[PDB]
Amino acid sequence: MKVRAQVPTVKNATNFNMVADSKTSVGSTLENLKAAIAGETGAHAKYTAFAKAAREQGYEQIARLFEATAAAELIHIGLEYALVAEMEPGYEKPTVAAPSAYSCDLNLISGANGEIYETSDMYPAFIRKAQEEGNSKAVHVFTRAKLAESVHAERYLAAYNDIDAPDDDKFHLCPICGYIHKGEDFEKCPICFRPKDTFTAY
Amino acid sequence: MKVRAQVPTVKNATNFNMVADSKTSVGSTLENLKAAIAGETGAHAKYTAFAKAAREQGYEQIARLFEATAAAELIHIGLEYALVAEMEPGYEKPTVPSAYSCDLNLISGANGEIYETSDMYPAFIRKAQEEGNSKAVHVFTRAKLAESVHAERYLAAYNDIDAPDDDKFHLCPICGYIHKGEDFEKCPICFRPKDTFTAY
Ligand SMILES: [Fe+2]
Ligand SMILES: [Fe+2]
Ligand SMILES: [Fe+3]
Ligand SMILES: [Fe+3]
Ligand SMILES: [Fe+3]
Ligand SMILES: [Fe+3]
């Protein structure tokens with residue numbers, strides 16, 4: 001993902017449309033924030049399981065990608081949770097059980113599909129609802145998450161394509177959004193503009 | 001996709017597992033070849049329609065990617081048709097889509113590619129192996145490998161939908177491999193030299 005003159009927003013970007021045949025139940029923005037947190041909690045458990053399996057299967061680099069992405073989802077949860085907490089102090093983040101991890105290639109596909117669903121269906125749906133309800137804070141949070149998900153999708157497909165050709169590149173995760181970059185060739189986050197030296201390496 | 005020391009095959013690669021919850025009806029290799037052709041014919045019509053829409057939507061480069069991928073599916077059809085014609089002389093290829101916003105079309109493309117690379121082709125490859133049809137295994141393998149590359153190209157285009165560049169997309173002459181830009185030497189799927197590619 002290239003760095004543009006300004007950070008991507010639903011106002012200056014053109015990949016924010018929701019698939020017409022959406023598989024996402026949309027409620028109030030508060031409900032959607034909670035729904036997103038639930039989905040991300042599941043994603044985190046999935047990627048964590050996928051990472052462990054990857055290591056056992058001998059895919060050290062892919063395991064690191066799964067771990068970096070799991071961490072990215074935790075950032076999304078943090079962003080979403082912060083908004084929910086302001087509106088409902090008693091709200092507690094949910095916990096889920098760990099799902100099964102299968103062959104690494106299939107796990108990468110599972111990851112890619114989930115990411116695609118989130119970036120082109122769920123988040124766009126939640127963003128639209130937030131826009132229609134005038135909840136700019138939610139639009140911001142959902143937009144940030146949405147943008148990282150499509151990057152995750154690409155990273156998973158790239159790993160899948162080179163499943164038998166890994167390298168020693170580290171994955172760098174942005175400190176405040178889910179953007180992940182493979183290798184050192186980047187300057188700042190294309191999603192939020194945080195400098196490269198603020199990233200965490202996986 | 002990186003160029004390995006060896007040409008990727010179902011024998012030396014580890015991304016040929018098929019999804020457990022398959023959406024692919026599997027029959028004889030002959031039927032599967034025809035099914036693949038029908039699917040690719042749909043894909044070609046889809047991408048051609050997406051390219052047209054992309055140009056109307058003002059995304060010239062993405063239009064070119066759609067055109068390149070459509071051409072890739074045509075290559076797949078050619079490989080599969082050749083085998084079918086041999087297994088059934090006289091066979092006639094079938095004829096067949098709605099287009100939406102460019103970003104959605106890229107996602108639709110990506111999803112179709114993922115289905116083909118992780119579901120359809122792997123299933124057909126295994127059935128071909130079971131029946132001992134080596135030609136089909138080779139053809140299905142070649143197609144399968146290109147589809148995952150297409151998926152990545154579509155997601156890459158989606159991520160930089162508002163940040164196009166002047167890169168041309170290069171299509172391999174005998175397989176569906178597509179490379180964006182000039183930084184490549186040969187096809188990682190079949191090893192064909194860069195000078196034999198066609199630019200889009
Ligand atoms: Fe994600
Ligand atoms: Fe394809
Ligand atoms: Fe997510
Ligand atoms: Fe960031
Ligand atoms: Fe295809
Ligand atoms: Fe090739």
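Chain identifiers are assigned alphabetically (A, B, ...) following the order of the sequence lines, protein sequences preceding nucleic acid strands; residue numbering begins at 1 within each chain.
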Only one of A:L108, A:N161, A:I163, A:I109 passes side chain to side chain contact (heavy atoms under 4.5 Å, CB included) with B:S148, and that residue is A:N161
In this structure, CG of A:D21 is separated from OH of B:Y100 (nearest 0.5 Å) by 8.5 Å
Side chain, backbone, both or neither: which part of B:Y154 has a heavy atom under 4.5 Å from chain A? neither
Taking side chain to side chain contact (heavy atoms under 4.5 Å, CB included) as the criterion, tell me which of A:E154, A:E115, A:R155, A:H152 meets it with B:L155. A:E154
By the definition side chain to side chain contact (heavy atoms under 4.5 Å, CB included), identify the one residue from B:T14, B:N17, B:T117 that meets it with A:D105. B:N17
If we define contacts as heavy-atom pairs under 4.5 Å, which of B:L145, B:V149, B:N12 has the most with chain A? B:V149
Inspect the contact between B:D162 and A:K2 and indicate whether a charged nitrogen and a carboxylate oxygen are less than 4.0 angstrom apart. no
Rounded to the nearest 0.5 Å, what separation is found between the OH atom of A:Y117 and the CG atom of B:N111? 13.0 Å
Looking at A:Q6, I'd like to know if its CD atom is crowded, meaning that more than 12 non-hydrogen atoms belonging to other residues, nucleotides or ligands lie closer than 6.0 Å. yes
Proximal component of A:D162, with respect to chain B [non-hydrogen, under 4.5 Å]: side chain
Contact origin within B:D165 toward chain A - heavy atom pairs under 4.5 Å: both
Pairwise distance CG(A:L106) to CZ(B:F16) - rounded to 0.5 angstrom: 12.5 Å
